[PDB]
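A.B. asks: Structure file target-v2.txt (compact mmCIF, N, CA and C atoms) right here:
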```txt
# COMPACT_ATOMS: atom_id res chain seq x y z
N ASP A 1 9.47 39.60 2.48
CA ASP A 1 10.52 40.09 3.36
C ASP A 1 11.84 39.38 3.08
N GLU A 2 12.93 40.09 3.36
CA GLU A 2 14.28 39.54 3.23
C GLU A 2 14.86 39.09 4.57
N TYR A 3 14.61 39.84 5.63
CA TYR A 3 15.06 39.51 6.97
C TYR A 3 13.91 39.66 7.95
N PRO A 4 13.91 38.88 9.04
CA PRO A 4 12.83 38.99 10.02
C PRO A 4 12.94 40.26 10.84
N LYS A 5 11.90 40.51 11.63
CA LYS A 5 11.84 41.67 12.51
C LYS A 5 12.16 41.32 13.96
N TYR A 6 11.44 40.35 14.53
CA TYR A 6 11.69 39.88 15.88
C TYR A 6 11.86 38.37 15.85
N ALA A 7 12.97 37.88 16.41
CA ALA A 7 13.28 36.46 16.42
C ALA A 7 13.72 36.05 17.81
N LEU A 8 13.19 34.92 18.28
CA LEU A 8 13.57 34.34 19.57
C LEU A 8 14.41 33.10 19.31
N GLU A 9 15.63 33.09 19.84
CA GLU A 9 16.57 32.00 19.63
C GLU A 9 16.85 31.31 20.96
N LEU A 10 16.80 29.98 20.95
CA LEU A 10 17.10 29.17 22.12
C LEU A 10 18.40 28.41 21.88
N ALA A 11 19.35 28.56 22.80
CA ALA A 11 20.64 27.90 22.66
C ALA A 11 20.49 26.39 22.83
N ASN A 12 21.40 25.65 22.20
CA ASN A 12 21.33 24.19 22.21
C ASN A 12 21.69 23.59 23.56
N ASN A 13 22.22 24.37 24.49
CA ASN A 13 22.51 23.87 25.83
C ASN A 13 21.34 24.01 26.79
N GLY A 14 20.27 24.68 26.37
CA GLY A 14 19.10 24.86 27.23
C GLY A 14 19.37 25.67 28.47
N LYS A 15 20.17 26.74 28.35
CA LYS A 15 20.51 27.56 29.50
C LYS A 15 20.26 29.04 29.22
N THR A 16 20.39 29.45 27.96
CA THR A 16 20.24 30.85 27.58
C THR A 16 19.22 30.96 26.45
N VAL A 17 18.29 31.90 26.60
CA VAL A 17 17.31 32.23 25.57
C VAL A 17 17.52 33.68 25.17
N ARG A 18 17.72 33.93 23.88
CA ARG A 18 18.05 35.25 23.37
C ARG A 18 17.01 35.71 22.37
N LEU A 19 16.73 37.01 22.38
CA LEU A 19 15.83 37.65 21.43
C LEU A 19 16.62 38.61 20.56
N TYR A 20 16.44 38.52 19.25
CA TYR A 20 17.21 39.30 18.29
C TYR A 20 16.31 40.40 17.72
N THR A 21 16.52 41.63 18.19
CA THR A 21 15.85 42.79 17.65
C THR A 21 16.71 43.40 16.54
N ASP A 22 16.38 44.63 16.13
CA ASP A 22 17.06 45.24 14.99
C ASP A 22 18.55 45.44 15.26
N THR A 23 18.89 46.19 16.31
CA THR A 23 20.27 46.59 16.55
C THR A 23 20.74 46.30 17.97
N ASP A 24 20.05 45.41 18.69
CA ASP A 24 20.45 45.05 20.05
C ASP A 24 20.42 43.54 20.21
N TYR A 25 21.23 43.05 21.14
CA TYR A 25 21.37 41.62 21.41
C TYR A 25 20.84 41.35 22.82
N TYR A 26 19.58 40.95 22.89
CA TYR A 26 18.96 40.64 24.17
C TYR A 26 19.31 39.22 24.60
N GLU A 27 19.72 39.06 25.86
CA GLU A 27 20.12 37.77 26.39
C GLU A 27 19.39 37.52 27.70
N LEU A 28 18.84 36.31 27.85
CA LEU A 28 18.17 35.91 29.08
C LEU A 28 18.73 34.59 29.59
N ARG A 29 18.10 34.03 30.62
CA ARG A 29 18.55 32.78 31.21
C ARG A 29 17.41 31.76 31.19
N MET A 30 17.78 30.49 31.04
CA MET A 30 16.82 29.38 30.97
C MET A 30 17.26 28.29 31.94
N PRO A 31 17.09 28.51 33.25
CA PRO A 31 17.50 27.47 34.21
C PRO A 31 16.61 26.24 34.17
N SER A 32 15.31 26.43 33.99
CA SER A 32 14.34 25.34 33.92
C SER A 32 13.45 25.52 32.70
N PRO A 33 12.95 24.42 32.13
CA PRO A 33 12.09 24.54 30.95
C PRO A 33 10.69 25.04 31.27
N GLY A 34 10.51 26.36 31.36
CA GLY A 34 9.19 26.92 31.56
C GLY A 34 9.08 28.02 32.60
N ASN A 35 10.21 28.53 33.07
CA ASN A 35 10.21 29.64 34.02
C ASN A 35 11.14 30.74 33.54
N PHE A 36 10.73 31.99 33.75
CA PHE A 36 11.52 33.16 33.38
C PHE A 36 11.55 34.10 34.58
N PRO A 37 12.40 33.81 35.57
CA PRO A 37 12.47 34.68 36.76
C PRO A 37 12.94 36.08 36.39
N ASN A 38 12.35 37.08 37.04
CA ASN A 38 12.68 38.47 36.79
C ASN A 38 13.87 38.96 37.60
N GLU A 39 14.38 38.16 38.54
CA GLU A 39 15.53 38.57 39.33
C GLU A 39 16.79 38.66 38.47
N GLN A 40 16.86 37.89 37.39
CA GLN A 40 18.02 37.92 36.52
C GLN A 40 18.10 39.25 35.78
N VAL A 41 19.33 39.67 35.48
CA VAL A 41 19.57 40.93 34.79
C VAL A 41 19.64 40.66 33.29
N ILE A 42 18.77 41.31 32.53
CA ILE A 42 18.75 41.12 31.08
C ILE A 42 19.95 41.82 30.47
N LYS A 43 20.67 41.10 29.61
CA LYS A 43 21.87 41.62 28.96
C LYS A 43 21.51 42.16 27.58
N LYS A 44 21.88 43.41 27.33
CA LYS A 44 21.65 44.06 26.04
C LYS A 44 23.00 44.43 25.45
N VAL A 45 23.30 43.92 24.26
CA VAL A 45 24.56 44.17 23.57
C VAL A 45 24.26 44.87 22.25
N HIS A 46 24.90 46.01 22.03
CA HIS A 46 24.72 46.79 20.80
C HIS A 46 25.89 46.49 19.88
N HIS A 47 25.76 45.41 19.10
CA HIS A 47 26.79 45.05 18.14
C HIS A 47 26.71 45.94 16.90
N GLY A 48 25.54 45.99 16.26
CA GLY A 48 25.33 46.81 15.09
C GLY A 48 25.39 46.00 13.81
N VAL A 49 24.22 45.63 13.29
CA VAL A 49 24.14 44.85 12.05
C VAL A 49 23.05 45.44 11.17
N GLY A 50 22.27 46.36 11.72
CA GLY A 50 21.16 46.94 10.98
C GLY A 50 19.85 46.24 11.23
N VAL A 51 19.49 45.32 10.34
CA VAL A 51 18.28 44.54 10.48
C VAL A 51 18.63 43.21 11.14
N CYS A 52 17.60 42.49 11.59
CA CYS A 52 17.82 41.25 12.33
C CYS A 52 18.65 40.27 11.50
N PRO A 53 19.77 39.77 12.02
CA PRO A 53 20.68 38.92 11.23
C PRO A 53 20.26 37.45 11.16
N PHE A 54 19.23 37.19 10.36
CA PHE A 54 18.75 35.84 10.13
C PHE A 54 18.33 35.71 8.67
N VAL A 55 18.74 34.62 8.04
CA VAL A 55 18.42 34.34 6.64
C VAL A 55 17.68 33.01 6.59
N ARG A 56 16.54 33.00 5.91
CA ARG A 56 15.69 31.82 5.84
C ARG A 56 16.01 31.02 4.59
N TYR A 57 16.28 29.73 4.77
CA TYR A 57 16.57 28.82 3.66
C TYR A 57 15.29 28.05 3.35
N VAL A 58 14.41 28.69 2.59
CA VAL A 58 13.11 28.10 2.28
C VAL A 58 13.30 26.93 1.32
N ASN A 59 12.62 25.82 1.60
CA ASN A 59 12.72 24.64 0.76
C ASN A 59 12.20 24.92 -0.65
N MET A 60 10.91 25.23 -0.76
CA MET A 60 10.29 25.53 -2.04
C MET A 60 9.62 26.89 -1.97
N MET A 61 9.77 27.67 -3.03
CA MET A 61 9.20 29.01 -3.08
C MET A 61 7.74 28.94 -3.51
N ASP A 62 6.85 29.46 -2.68
CA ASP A 62 5.42 29.49 -2.95
C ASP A 62 4.90 30.91 -2.85
N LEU A 63 3.84 31.20 -3.61
CA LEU A 63 3.27 32.54 -3.67
C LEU A 63 2.28 32.82 -2.55
N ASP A 64 1.99 31.84 -1.70
CA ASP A 64 1.05 32.02 -0.60
C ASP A 64 1.59 31.40 0.68
N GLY A 65 2.88 31.59 0.94
CA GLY A 65 3.49 30.98 2.12
C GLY A 65 3.43 29.47 2.04
N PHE A 66 2.87 28.85 3.08
CA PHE A 66 2.65 27.41 3.12
C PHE A 66 3.96 26.64 2.91
N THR A 67 5.03 27.12 3.54
CA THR A 67 6.33 26.48 3.41
C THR A 67 6.31 25.10 4.07
N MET A 68 6.72 24.09 3.31
CA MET A 68 6.73 22.71 3.80
C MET A 68 8.02 22.03 3.36
N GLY A 69 8.43 21.03 4.14
CA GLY A 69 9.63 20.27 3.84
C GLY A 69 9.36 19.10 2.91
N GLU A 70 10.41 18.32 2.67
CA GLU A 70 10.33 17.15 1.81
C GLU A 70 10.00 15.87 2.56
N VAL A 71 9.80 15.95 3.88
CA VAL A 71 9.50 14.77 4.68
C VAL A 71 8.01 14.76 5.03
N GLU A 72 7.41 15.95 5.14
CA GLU A 72 5.99 16.05 5.44
C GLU A 72 5.13 15.74 4.22
N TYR A 73 5.60 16.09 3.03
CA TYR A 73 4.79 15.92 1.82
C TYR A 73 4.60 14.45 1.45
N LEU A 74 5.43 13.55 1.97
CA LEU A 74 5.35 12.14 1.63
C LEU A 74 5.15 11.26 2.86
N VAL A 75 4.52 11.80 3.90
CA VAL A 75 4.19 10.98 5.08
C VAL A 75 3.22 9.85 4.74
N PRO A 76 2.09 10.09 4.05
CA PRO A 76 1.16 8.98 3.81
C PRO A 76 1.74 7.83 3.00
N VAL A 77 2.59 8.11 2.01
CA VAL A 77 3.14 7.03 1.19
C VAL A 77 4.13 6.20 1.99
N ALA A 78 4.95 6.84 2.82
CA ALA A 78 5.86 6.09 3.69
C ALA A 78 5.08 5.26 4.70
N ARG B 1 -40.65 -13.71 7.40
CA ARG B 1 -40.93 -12.73 6.35
C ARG B 1 -40.67 -11.31 6.83
N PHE B 2 -41.05 -11.00 8.07
CA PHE B 2 -40.92 -9.65 8.59
C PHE B 2 -39.47 -9.23 8.79
N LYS B 3 -38.52 -10.16 8.72
CA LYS B 3 -37.11 -9.81 8.87
C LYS B 3 -36.67 -8.90 7.73
N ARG B 4 -35.77 -7.97 8.05
CA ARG B 4 -35.31 -7.01 7.06
C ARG B 4 -34.49 -7.70 5.98
N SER B 5 -34.65 -7.23 4.74
CA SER B 5 -33.96 -7.76 3.56
C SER B 5 -34.33 -9.24 3.42
N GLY B 6 -33.43 -10.04 2.85
CA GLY B 6 -33.65 -11.46 2.66
C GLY B 6 -33.17 -12.34 3.79
N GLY B 7 -32.80 -11.75 4.93
CA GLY B 7 -32.29 -12.51 6.05
C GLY B 7 -30.80 -12.76 6.02
N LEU B 8 -30.09 -12.29 4.99
CA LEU B 8 -28.65 -12.48 4.88
C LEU B 8 -27.90 -11.34 5.58
N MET B 9 -28.17 -11.19 6.87
CA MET B 9 -27.51 -10.17 7.66
C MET B 9 -26.04 -10.54 7.88
N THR B 10 -25.20 -9.51 7.96
CA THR B 10 -23.76 -9.68 8.06
C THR B 10 -23.25 -9.12 9.39
N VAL B 11 -22.03 -9.50 9.73
CA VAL B 11 -21.35 -9.02 10.93
C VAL B 11 -20.06 -8.34 10.52
N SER B 12 -19.80 -7.17 11.10
CA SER B 12 -18.63 -6.37 10.77
C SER B 12 -17.45 -6.87 11.59
N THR B 13 -16.48 -7.48 10.93
CA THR B 13 -15.28 -7.98 11.59
C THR B 13 -14.20 -6.90 11.63
N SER B 14 -13.16 -7.17 12.42
CA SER B 14 -12.05 -6.24 12.55
C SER B 14 -10.79 -7.03 12.87
N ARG B 15 -9.64 -6.40 12.60
CA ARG B 15 -8.34 -7.01 12.85
C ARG B 15 -7.75 -6.58 14.19
N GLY B 16 -8.59 -6.29 15.17
CA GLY B 16 -8.11 -5.85 16.47
C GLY B 16 -7.41 -4.51 16.42
N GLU B 17 -7.94 -3.56 15.65
CA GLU B 17 -7.32 -2.26 15.48
C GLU B 17 -8.36 -1.17 15.70
N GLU B 18 -7.95 -0.10 16.37
CA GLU B 18 -8.83 1.04 16.63
C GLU B 18 -8.81 2.05 15.49
N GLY B 19 -7.62 2.51 15.11
CA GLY B 19 -7.48 3.46 14.02
C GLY B 19 -7.43 4.90 14.47
N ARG B 20 -6.39 5.62 14.04
CA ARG B 20 -6.20 7.03 14.38
C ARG B 20 -5.95 7.81 13.09
N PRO B 21 -7.02 8.25 12.40
CA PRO B 21 -6.88 8.97 11.13
C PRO B 21 -6.52 10.45 11.30
N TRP B 22 -5.54 10.72 12.17
CA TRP B 22 -5.08 12.08 12.38
C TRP B 22 -3.57 12.20 12.54
N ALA B 23 -2.82 11.11 12.38
CA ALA B 23 -1.36 11.14 12.54
C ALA B 23 -0.74 11.61 11.23
N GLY B 24 -0.63 12.93 11.08
CA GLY B 24 -0.04 13.50 9.89
C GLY B 24 -0.76 14.75 9.41
N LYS B 25 -1.97 14.99 9.93
CA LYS B 25 -2.77 16.14 9.55
C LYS B 25 -2.63 17.31 10.52
N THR B 26 -2.47 17.03 11.81
CA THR B 26 -2.37 18.09 12.81
C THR B 26 -0.97 18.68 12.92
N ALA B 27 0.00 18.15 12.18
CA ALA B 27 1.35 18.71 12.16
C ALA B 27 1.47 19.94 11.27
N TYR B 28 0.42 20.26 10.51
CA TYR B 28 0.45 21.42 9.63
C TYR B 28 0.29 22.70 10.44
N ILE B 29 1.14 23.69 10.16
CA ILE B 29 1.14 24.96 10.86
C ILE B 29 0.46 26.00 9.98
N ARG B 30 -0.49 26.74 10.56
CA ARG B 30 -1.23 27.75 9.82
C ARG B 30 -0.31 28.86 9.32
N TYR B 31 -0.16 28.96 7.99
CA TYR B 31 0.69 29.96 7.37
C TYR B 31 -0.11 30.98 6.57
N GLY B 32 -1.40 31.12 6.85
CA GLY B 32 -2.23 32.05 6.12
C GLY B 32 -2.83 33.14 6.99
N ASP B 33 -4.04 33.59 6.65
CA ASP B 33 -4.72 34.64 7.38
C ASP B 33 -5.68 34.10 8.43
N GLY B 34 -5.71 32.79 8.63
CA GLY B 34 -6.61 32.20 9.60
C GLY B 34 -8.01 31.93 9.11
N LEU B 35 -8.26 32.08 7.81
CA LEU B 35 -9.58 31.82 7.24
C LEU B 35 -9.96 30.35 7.35
N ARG C 1 -29.36 -17.40 21.19
CA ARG C 1 -29.58 -16.06 20.67
C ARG C 1 -28.83 -15.01 21.47
N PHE C 2 -28.81 -15.14 22.79
CA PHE C 2 -28.19 -14.14 23.65
C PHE C 2 -26.67 -14.09 23.51
N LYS C 3 -26.06 -15.06 22.84
CA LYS C 3 -24.62 -15.04 22.66
C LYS C 3 -24.21 -13.85 21.80
N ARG C 4 -23.04 -13.28 22.11
CA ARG C 4 -22.57 -12.10 21.40
C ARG C 4 -22.24 -12.44 19.95
N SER C 5 -22.54 -11.51 19.06
CA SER C 5 -22.31 -11.65 17.61
C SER C 5 -23.09 -12.87 17.11
N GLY C 6 -22.60 -13.52 16.07
CA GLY C 6 -23.23 -14.69 15.51
C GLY C 6 -22.77 -16.01 16.08
N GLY C 7 -22.01 -15.98 17.17
CA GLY C 7 -21.47 -17.19 17.77
C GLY C 7 -20.15 -17.66 17.20
N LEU C 8 -19.60 -16.95 16.22
CA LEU C 8 -18.33 -17.33 15.61
C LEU C 8 -17.16 -16.69 16.37
N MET C 9 -17.07 -17.03 17.65
CA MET C 9 -15.98 -16.53 18.48
C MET C 9 -14.66 -17.18 18.08
N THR C 10 -13.58 -16.44 18.25
CA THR C 10 -12.25 -16.86 17.83
C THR C 10 -11.33 -16.96 19.04
N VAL C 11 -10.20 -17.64 18.84
CA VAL C 11 -9.16 -17.80 19.85
C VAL C 11 -7.86 -17.22 19.30
N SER C 12 -7.18 -16.44 20.13
CA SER C 12 -5.94 -15.78 19.73
C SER C 12 -4.78 -16.74 19.93
N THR C 13 -4.24 -17.26 18.82
CA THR C 13 -3.11 -18.17 18.88
C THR C 13 -1.80 -17.38 18.93
N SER C 14 -0.72 -18.10 19.22
CA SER C 14 0.60 -17.50 19.30
C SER C 14 1.64 -18.55 18.92
N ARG C 15 2.82 -18.06 18.53
CA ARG C 15 3.93 -18.92 18.14
C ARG C 15 4.91 -19.16 19.29
N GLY C 16 4.42 -19.14 20.52
CA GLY C 16 5.29 -19.33 21.67
C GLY C 16 6.31 -18.23 21.85
N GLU C 17 5.90 -16.98 21.64
CA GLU C 17 6.80 -15.83 21.72
C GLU C 17 6.18 -14.76 22.60
N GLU C 18 7.01 -14.12 23.43
CA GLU C 18 6.56 -13.05 24.30
C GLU C 18 6.60 -11.69 23.60
N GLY C 19 7.76 -11.33 23.05
CA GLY C 19 7.89 -10.07 22.34
C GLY C 19 8.44 -8.95 23.19
N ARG C 20 9.51 -8.31 22.72
CA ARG C 20 10.15 -7.19 23.42
C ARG C 20 10.29 -6.03 22.44
N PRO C 21 9.26 -5.19 22.31
CA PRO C 21 9.29 -4.06 21.37
C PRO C 21 10.07 -2.85 21.89
N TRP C 22 11.25 -3.10 22.44
CA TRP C 22 12.11 -2.02 22.93
C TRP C 22 13.58 -2.23 22.63
N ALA C 23 13.95 -3.28 21.90
CA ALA C 23 15.36 -3.56 21.60
C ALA C 23 15.77 -2.73 20.39
N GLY C 24 16.20 -1.50 20.65
CA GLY C 24 16.63 -0.62 19.59
C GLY C 24 16.20 0.82 19.80
N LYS C 25 15.26 1.04 20.72
CA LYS C 25 14.75 2.37 21.01
C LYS C 25 15.42 3.02 22.21
N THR C 26 15.78 2.24 23.23
CA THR C 26 16.39 2.78 24.43
C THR C 26 17.88 3.04 24.28
N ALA C 27 18.48 2.68 23.14
CA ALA C 27 19.88 2.97 22.89
C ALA C 27 20.12 4.40 22.45
N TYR C 28 19.06 5.18 22.21
CA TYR C 28 19.20 6.56 21.80
C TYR C 28 19.60 7.43 22.99
N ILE C 29 20.59 8.29 22.79
CA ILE C 29 21.10 9.17 23.83
C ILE C 29 20.55 10.57 23.60
N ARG C 30 20.00 11.17 24.65
CA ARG C 30 19.41 12.51 24.55
C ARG C 30 20.46 13.54 24.17
N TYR C 31 20.33 14.12 22.98
CA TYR C 31 21.26 15.13 22.49
C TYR C 31 20.60 16.50 22.35
N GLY C 32 19.50 16.73 23.06
CA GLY C 32 18.81 18.00 22.97
C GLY C 32 18.75 18.75 24.29
N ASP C 33 17.67 19.50 24.51
CA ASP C 33 17.49 20.29 25.71
C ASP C 33 16.69 19.55 26.78
N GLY C 34 16.34 18.29 26.55
CA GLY C 34 15.56 17.54 27.50
C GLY C 34 14.06 17.73 27.41
N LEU C 35 13.57 18.40 26.37
CA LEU C 35 12.14 18.62 26.19
C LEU C 35 11.42 17.30 25.94
```
Taking this structure as input, can you express it in the form of structure tokens?

C.D. replies:
Amino acid sequence: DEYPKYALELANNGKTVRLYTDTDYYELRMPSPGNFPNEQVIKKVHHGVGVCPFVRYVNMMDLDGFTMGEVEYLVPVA
Amino acid sequence: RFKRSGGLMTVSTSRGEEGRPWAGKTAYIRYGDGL
Amino acid sequence: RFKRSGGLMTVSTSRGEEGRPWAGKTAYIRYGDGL
């Protein structure tokens, strides 16, 4: 794959949680870590980008997934 | 004579450590078919 | 015979030090979501 299909993004302020579908911008609220009240109104924004706008910067290319970083591969030696 | 071996029984010492041989193995995330 | 192990019990010595294994860890400021 080149781009993902469904992606869940959490903002760095811990207040808004957004889901990125194909052509809509879903926005939710994160008042507490672990509750999703239904009283809030879900925001849907139709910007228009086609496929989900996320690009993966894979460390090493492997033919069977198993993507790993450069810090995990040398844990025992450190 | 009935004692096991030649009587040179040993005692297993330790450096006051328990040991956790799992700090680094459970961080792996399944990226396959679950086999 | 009833004594534990072979009777070679040890005593834990010290260099007259208490030890504070927290001088350098509590200076970190939470820069995330509080998880």

A.B. asks: Just need the residues of chain A within 6 Å of chain C, counting all atoms listed in the file, so spit them out as a list in words.

C.D. replies: residues 12, 13 and 14 of chain A

A.B. asks: Got a sec: who's within 8 Å of segment 22-27 of chain B, counting all atoms listed in the file, leaving out chain neighbours fewer than 3 positions off, as a ChimeraX atom specification?

C.D. replies: /A:72,75-76 /B:19,30

A.B. asks: Can you tell me how far atom CA of residue 48 of chain A sits from atom C of residue 23 of chain A, in Å to one decimal?

C.D. replies: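 Interatomic distance, atom CA of residue 48 of chain A to atom C of residue 23 of chain A: 5.4 Å.
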
A.B. asks: Residues of chain C no more than 12 Å from chain B, counting only C-alpha atoms: send them over as a list in words.

C.D. replies: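 Residues satisfying the distance criterion: residues 4, 5, 6, 7, 8, 9, 10 and 12 of chain C.
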
A.B. asks: Quick one: residues within 12 Å of residue 34 of chain A, only C-alpha atoms, excluding same-chain residues fewer than 3 positions away - as an NGL selection string?

C.D. replies: (:A and (14-15 or 17 or 29-31 or 37)) or (:C and (35))

A.B. asks: Got a sec: who's within 6.5 Å of residue 47 of chain A, counting all atoms listed in the file, leaving out chain neighbours fewer than 2 positions off, as a ChimeraX atom specification?

C.D. replies: /A:23-25,45,49

A.B. asks: Tell me, in Å to one decimal, how far atom CA of residue 52 of chain A is from atom CA of residue 22 of chain A.

C.D. replies: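 Atom CA of residue 52 of chain A sits 4.9 Å away from atom CA of residue 22 of chain A.
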
A.B. asks: So the first atom is atom CA of residue 16 of chain B and the second is atom C of residue 71 of chain A; what is the distance between them in Å, to one decimal place?

C.D. replies: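 Rounded to one decimal, the two atoms are 28.6 Å apart.
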
A.B. asks: So that I can check the surroundings of residue 43 of chain A, please list as a ChimeraX atom specification every protein, DNA and RNA residue that reaches within 7 Å of it, counting only N, CA and C atoms and ignoring chain neighbours fewer than 4 positions away.

C.D. replies: /A:25-28
